[PDB]
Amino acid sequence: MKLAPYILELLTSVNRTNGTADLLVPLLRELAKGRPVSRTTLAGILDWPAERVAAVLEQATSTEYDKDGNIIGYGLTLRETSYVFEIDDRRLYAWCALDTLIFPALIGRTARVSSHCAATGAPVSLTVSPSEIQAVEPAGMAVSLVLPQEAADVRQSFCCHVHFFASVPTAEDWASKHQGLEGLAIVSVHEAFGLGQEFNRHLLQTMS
């Protein structure tokens, strides 16, 4: 549908803290290897002062850490979620449905994505490559969107309301019960993948 309001707010959230975009893509690529990522490793890859890496990360209040303070989750995560993101036989996870559609282009890999419909519990799965989706099951799979909020916890304000559904009508029935969610909208998974492509396009512009 008319997804400009979502594109816009998603970008404002990345652009809100300088360096977030420059750090995101390298971190996603390293996490995609399936192992925890240290702050020092990230500094090395970015050629940034440690102080700089640390400031960006402190603004990203949903970031997940392990027992050593290594990064293990930033959209893409090693900690189990409802969104399975498998790349060459490494099972990783994503914070939400839209993340699984965005990451393949950013890490340059095709992913076997699977979840369950948030309305009915039905299995859903698809193959997401940098350019396209395939093997969409069910064909009519849908995604919920809400509007991102400034200075709100990203996982609790956005990611946790952005689900896969077995169909648009199934998703729309569900949405009619959750109209308190700001900007709640239902789109097809193809529309959501398109939204991810526009996000990624703008993101790569923001980068140095």
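Only the largest set of C-alpha atoms that superpose within 1.5 Å between the two forms is called the rigid core. Just count from 1 along the sequence shown to find any residue number.
Which is farther from the shown form in 5 other deposited structures of this protein in C-alpha RMS with the core fitted, 12-20 or 180-188?
-> Most displaced of the pair in 5 other deposited structures of this protein: 12-20.
Do you reckon 145-153 or 165-173 strays further from the shown form in 5 other deposited structures of this protein, measuring C-alpha RMS after a core fit?
-> Greater root mean square C-alpha distance in 5 other deposited structures of this protein: 145-153.
Look up the CA B-factors in the entry and say which stretch, 134-142 or 113-121, has the higher mean.
-> Averaged over C-alpha atoms, the B-factors run higher in 134-142.
67-75 versus 96-104: which one carries the higher mean Cα B factor per the record?
-> Per the PDB record, 67-75.
Would you check the entry's CA temperature factor for residue 48 and let me know if it's in the chain's lowest, middle or highest third?
-> Answer is highest: the recorded C-alpha B-factor places it there.
Residue 177, C-alpha B-factor rank within chain (lowest, middle or highest third) | Highest third of the chain for residue 177's C-alpha B-factor.
State the tercile, meaning the lowest, middle or highest third, of residue 29 with respect to the CA B-factors recorded for its chain.
-> Answer is middle: the recorded C-alpha B-factor places it there.
Tell me, lowest, middle or highest third: where does the Cα B factor of residue 37 rank within its chain?
-> Middle third of the chain for residue 37's C-alpha B-factor.
Cα B factor band for residue 21 (lowest, middle or highest third within the chain) = Tercile = highest for this residue's CA B-factor.
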